[PDB]
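The chain below stands alone, shown as structure tokens; this is the form deposited in one PDB entry.
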């Protein structure tokens, strides 16, 4: 039972209980007024101030209002600014502040709250774990790694710290090293470890080192509801979408797009080659640690449904052609990009992040031998001026062992069963 009342708040516990009763009975408007009255009457009261914040929080949920929730976030801070705040209340108030900041996407704000929490409570390992998450959410992997190293130095069997440390190691390409942390962390069963991200990356790391137990973890991640299937391991999904590794144009319904790509393929090719020849810096190396070896770069025209204007200067006719197809130019969970791969390249088996897109590949310069792509259990080759269509949320793998370069054009489309409102509302990836 948390101790939320300081000495003075115990003397007004009756008033505080009455207001909290209104709030828990669901009479949130009355509760807000009751706690506002307690705050004006007892301006230093931490329990009254916390009640005001919790009422605003509840109101925000009732109205699904981010504005009301921002109000609550400020009142939770006010609580911590008052005199003589009981430790349990201080911790609850600032924790909920950080949690609602994260819910709103204020990740830098959440991080600052979490840093303050760890200063105020230096022996709370769970708060350190939460701080590490804060760092991860702003992209500060170096500081996250230090936090989890500290956690493990004091509580070496903490499963949450183990899985997050392994995640960080894996992301740094420390594949072998990451495996024991990911595995031990998932096996710990500790809260926060039963997370698709850790199954996904444990299996990927094992595949990379040749350890055959990878699909054991894929099956268990499936059994625990993280993956639609053992083959399809995307983690940002709309459930229910038709799932198959390979699609025909008519199955997708995007027949006009496929026809435009194939009928105009030489123009698309020639713009890509001109960029290779005189603007090669527009092609950026693949930067998601997906390769075993080899050279692979991409020249991106659209990402997250936004045209790259400078890029489109390099492929102006191709970009004009594509503007007629919002199913791709507005695909905020895919890209439109040229992709060049050179001999000696092997892309590790891997999965895209979302089942909400399908990926078209138009062949532009395809050596007669040496290039192929596997998706799930079917392996195919490209052809110049022909489109292949696969669902990259299924595990897929690519090889380039020709004697010259291989150029394709990649056009992501919205999964065809997604409705217009889904296409408008789904968070971009």
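By rigid core we mean the largest C-alpha set that fits within 1.5 Å across both forms. Numbering follows the first chain given and starts at 1.
Student: Where do the C-alpha atoms have the higher mean temperature factor in this entry, in 216-224 or in 270-278?
Tutor: Comparing 216-224 with 270-278, the higher average CA B-factor belongs to 216-224.
Student: Got a sec? Mean C-alpha B-factor, which is higher, 390-398 or 64-72?
Tutor: 64-72 has the higher mean C-alpha B-factor.
Student: Looking at 251, 287, 295, 204, which has the highest CA B-factor as recorded?
Tutor: The listed residue with the largest C-alpha B-factor is 251.
Student: Tell me which of 145, 162, 333, 306 tops the list for C-alpha B factor in the record.
Tutor: The record points to 162.
Student: Residue 233's Cα B-factor: lowest, middle or highest third of the chain?
Tutor: It falls in the middle third of the chain.
Student: Please rank the C-alpha B-factors of the chain's modelled residues and tell me whether residue 51 sits in the lowest, middle or highest third.
Tutor: Middle third by C-alpha B-factor.
Student: Could you look up the Cα B-factor of residue 39 in the entry and say which third of the chain it sits in: lowest, middle or highest?
Tutor: Answer is middle: the recorded C-alpha B-factor places it there.
Student: Mind checking which third residue 185 falls in for C-alpha B-factor across the chain?
Tutor: For residue 185, the deposited C-alpha B-factor lands in the highest third.
Student: Using the B-factors in the PDB entry, rank residue 361's C-alpha atom against the chain and give the third, lowest, middle or highest.
Tutor: Within its chain, residue 361 is a lowest-third residue by C-alpha B-factor, going by the deposited values.
Another form, the form deposited in another entry, is not on view; read the next lines as being about it.
Student: Does residue 64 move its CA by 2 angstroms or more between the shown form and the other one when the core is aligned?
Tutor: For residue 64, whose C-alpha is compared between the shown form and the other one after core superposition, the shift is 2 Å or more.
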